[PDB]
Every structure is written in structure tokens, then in C-alpha cells.
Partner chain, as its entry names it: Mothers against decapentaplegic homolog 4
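Only one chain is given next, in C-alpha cells, and it is the form solved without the partner chain.
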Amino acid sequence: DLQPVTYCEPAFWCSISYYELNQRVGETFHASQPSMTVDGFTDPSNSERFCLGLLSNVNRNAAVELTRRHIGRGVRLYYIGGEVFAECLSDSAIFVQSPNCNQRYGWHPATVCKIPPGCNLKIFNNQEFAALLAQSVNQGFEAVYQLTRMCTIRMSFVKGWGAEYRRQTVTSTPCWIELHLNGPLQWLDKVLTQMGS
């Protein structure tokens, strides 16, 4: 009747996609390690560092490149105990749109917060996630399929977006990225499966 579904830490805990406005740029970077960064350095990326200095965009305009200069150290990302932090190493603030964050904190849905330099933020609380997942399960499929939205987090360097904002959508921001928490997604799949037997 009630079969237990456990969260299982993936090999690559998340994948990152870079964007300049509405144009996706570069290839999809996959996170394998516990602590890495997404910067704008002109060095060849690796398992531990997703550099953007080397990404070309034939349609890149002055605004994009100018901003691309300020990513710098970028953001350090950490995965631990299914918890995910984002530390703004950059000298320019970063902005995050995490459904999980907006869930707690009771913020309006879709909000984007600012993670200024020297600061970090737990963009994903796997526990809080399990709690919802738990609760959700008991509301059927749709309820659960809804949490998939939480496994996707978007972040933009230097410039932010959102309501109260000049730039209303992520797509209007100079330099941003989208991550996908595989841990949660896998776990969300497994769950639906067990519900879909």
C-alpha cells in the first residue's frame, strides 16, 4: 500500500545552462563535485569550475559583454546533504529565483532575491523538499508533478529581474544561468513511478 521512496544523491547533482538575454550560450555544464563555481574567467572550464569568459555569442551586444566583465569570480555553488548553497564570490551581486526559497520565507511566488557579495544562501533545502514531497504524495499526481518546478533554479549575475523590476523576465537579463537539481528530480520521478505502477 504505502511503499517507501528514498532520496538518492546523484552522481552529477545538477546541470547548468548559461544564457545571455533570451539566447542560450555555451554547452550544458554538469556538476559532479560538491563545491564549484560559475565564473566569467577566460580559462577552460572543468569538473570544478564553469568558466564563461570563453563563451562566444555571435549576437552578443555591448550590454551583454560589458556585464560579462563583471561576473568575475562568479558564484560558488555547494551541494551537501542534499542542501544547496550559492555564495556570491563576485563583486557584483547575484539574483536568485528559487521556488524552494520562495516556499519557506513565505515570499510571493516567482520572486527573485539578491545574494550580495560575501554572502551565501541555501537555495535548496532538501528536507523542506521532502516535507512537501511527503505532504504532496497525499494529494495525488498533479500535486507532486508540481514540485518539479522547484528543482529548477535561475540566477543572473550583476543585474536582477522580477516585479518591482525594470527587467521583468529572466530572459531580459544580460547574464544568467539555470540549474537543475537532479537529486530532487530523480527522487520526484521515482515517486511518481511508485504512484504510477
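By rigid core we mean the largest C-alpha set that fits within 1.5 Å across both forms. Numbering follows the first chain given and starts at 1.
If you look for the form deposited with the partner chain bound, you will not find it shown, but the lines that follow are about it.
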Practice problem: Indicate whether the partner chain has at least one heavy atom within 4.5 Å of a heavy atom of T37 in the bound PDB entry. | Solution: no
Quiz item: Looking in the bound PDB entry, any heavy atom of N57 within 4.5 Å of the partner chain?
Solution: yes
Quiz item: What are the residues of 77-112, in order along the chain, with a heavy atom within 4.5 Å of the partner chain in the bound PDB entry?
Solution: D91
Self-check item: Option from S56, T28, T169, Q139 moving between the shown form and the other one, CA shift at or above 2 Å, rigid core reference
Solution: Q139
